[PDB]
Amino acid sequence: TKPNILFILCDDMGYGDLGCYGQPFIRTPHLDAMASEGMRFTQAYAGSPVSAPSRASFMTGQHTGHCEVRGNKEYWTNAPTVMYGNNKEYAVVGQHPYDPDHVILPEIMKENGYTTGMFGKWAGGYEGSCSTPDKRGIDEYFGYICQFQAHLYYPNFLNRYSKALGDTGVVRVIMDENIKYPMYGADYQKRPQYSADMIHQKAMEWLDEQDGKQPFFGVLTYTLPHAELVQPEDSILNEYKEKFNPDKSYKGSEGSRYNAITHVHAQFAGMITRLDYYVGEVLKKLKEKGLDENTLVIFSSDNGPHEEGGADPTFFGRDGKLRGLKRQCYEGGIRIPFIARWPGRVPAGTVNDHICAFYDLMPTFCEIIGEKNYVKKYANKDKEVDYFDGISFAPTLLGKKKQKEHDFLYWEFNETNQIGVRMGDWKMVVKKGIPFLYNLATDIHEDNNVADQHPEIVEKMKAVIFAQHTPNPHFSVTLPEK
């Protein structure tokens, strides 16, 4: 009968920003109940310390030493204008496209008889590119094609692809009341069409059309709690304007599409309690429709905590254990919350220390849906080598037999010019070609560089960097000396 699978992947949430992982100032009751009926992962990693490559890793089953997308690259900077009211907007939006000759996860599900849904941020390819959801195995899409467009929670348009409405490809749905008002300044909050509510409703309409004939695969890529720090001025926000006193404000960034706002500690806390509430409505709806015993639901985040649009990770991180933010190959930039729930399949109230990353999700779903020897089926014969880097963690997720272990995890990132490797207790961060070494068992906060005492380990972990990194012309890093 094949099981349904939902993956809820949010935007710029830290390892320590949820209650069940140890946040002290924000309520997350729906996700904490999910973990209490679920399995909570303690050593789970993003594909990258930043959005586009992390999402590419998940989609491709490849690490950033091999992947086509290894960073954020914009294709809208020199696009022509289009006017929505008095608002000058970009006529083509989005980021670098996925390689059309390497398979992604939505296309494997389609081959296996699933119907496919995706609600929120795409960030896999610009409008008109070789990689938009219509061409890469998505039946029903609604949200933001472009990472930069997602900066505004009250935008001029959102993107749609709907077989059901007989769209021939991606269109723009114009937000008719928003366009009457500026994009920046005092009058911006006169915009009434809030993106995260409108995108959550479309996801919920899709789900209510589902029944126990065809299996369904859903990607809920909601933008909370990414900047800007603007939302509805309702009860959720007011609870936190109460708890936090005094509070700070944000001056704004017109060039970054982050609007000025007051009570920034209140804004950020409200945005996480709002996302928790959405996840409450998903889990209830699955029970309401008799879907709960045959649906796997996973919650995670695309990278480490942020400091954009008035965010204050220092205040919210008071009791946290990990070093660093988004963009850093330090543990705080890559390690993320990961919760799984499947009544009577995934054991309830469990913690799981298995060392795993987003590039492991492709083989994990393949093993769950019955699709055997996926590499030989989907690998491209016209390539000199078609890399697949993942190991399935389906065994440990069902607490059964034969869990296999990585020799290493690997990450590289251009903006901070860093490389990260984890090999058991040992962790390497290369900065501008110089290796730093830490033991995570004696030093989780990565305070003591012990490269001096451990040269045999340093060379081994360089031997991994040399074997795993391939040329990519679009994104570059400095390798250490041989």
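Each residue number is its position in the shown sequence, starting from 1.
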| query | finding |
| --- | --- |
| Of 39 to 47 and 453 to 461, the one with larger mean CA B-factor | 453 to 461 |
| 408 to 416 versus 242 to 250 - which carries the larger mean C-alpha B factor in the record | 242 to 250 |
| Top residue by Cα temperature factor, when 154, 84, 148, 258 are compared in the entry | 84 |
| Residue, from 197, 331, 139, 371, that the PDB entry assigns the highest Cα B-factor | 371 |
| Chain-wide C-alpha B factor ranking for residue 466, given as lowest, middle or highest third | highest |
| CA B-factor ranking of residue 396, expressed as a third of its chain | middle |
| Residue 293 - Cα temperature factor, lowest/middle/highest third of chain | highest |
| Ranked C-alpha temperature factor of residue 56 among modelled chain residues, by third | lowest |
| CA B-factor placement of residue 132, once the chain's modelled residues are sorted into thirds | middle |
